[PDB]
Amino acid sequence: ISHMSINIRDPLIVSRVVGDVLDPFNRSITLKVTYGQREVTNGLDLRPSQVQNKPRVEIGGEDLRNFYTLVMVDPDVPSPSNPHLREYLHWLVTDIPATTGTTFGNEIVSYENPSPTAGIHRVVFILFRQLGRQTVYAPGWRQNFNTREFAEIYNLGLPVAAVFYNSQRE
């Protein structure tokens, strides 16, 4: 979107997920990420002890023929005040068929549970439409990941969905 179309009160802008991690975009696809009995909605708190295992993830889709990639990052590493490891890639699942979820995709970076030690961390899930199956691949390491660059490299365009939770040391 153009900056003339941005809603500056959107929770992704207030939280600076759009800004620090993502360019402005219009949500268009369902992304349902569940830990326990809570679906991630922007700004919900989940403690480290609640996110030790991968969440359930269900997605929508625009066309049955589509495949989606799910990115999970913590931008606030090692801390939000000095985030020199931004972004830390916690999980990467490609080739998710439209309308299914991560158990139907290819987990190309395994789920590492977030365990913040300093400050309140945003933990962000981002969904992208792929140009086709078997077109998106993993970085060589988890730290200093750049979702914007990743999307550029893999022709992913703007995200179709994103949502985040907050987490801090217990």
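Numbering starts at 1 and runs along the sequence shown.
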Per the PDB entry, mean CA B-factor is higher for 4-12 or 160-168, namely for 4-12
Between 108-116 and 65-73 (mean CA B-factor, as deposited), the higher: 108-116
Per the entry, which of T103, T30, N42, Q130 tops the list for Cα B factor? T103
Chain thirds by Cα B factor, record data; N82 belongs to the highest
Ranked C-alpha temperature factor of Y35 among modelled chain residues, by third: middle
According to the PDB entry, is the CA B factor of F145 in the bottom, middle or top third of its chain, that is, lowest, middle or highest? lowest
Entry-reported C-alpha B-factor of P139 relative to its chain, by third, is middle
Taking only the Cα B-factors deposited for this chain, tell me whether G60 sits in the lowest, middle or highest third. lowest
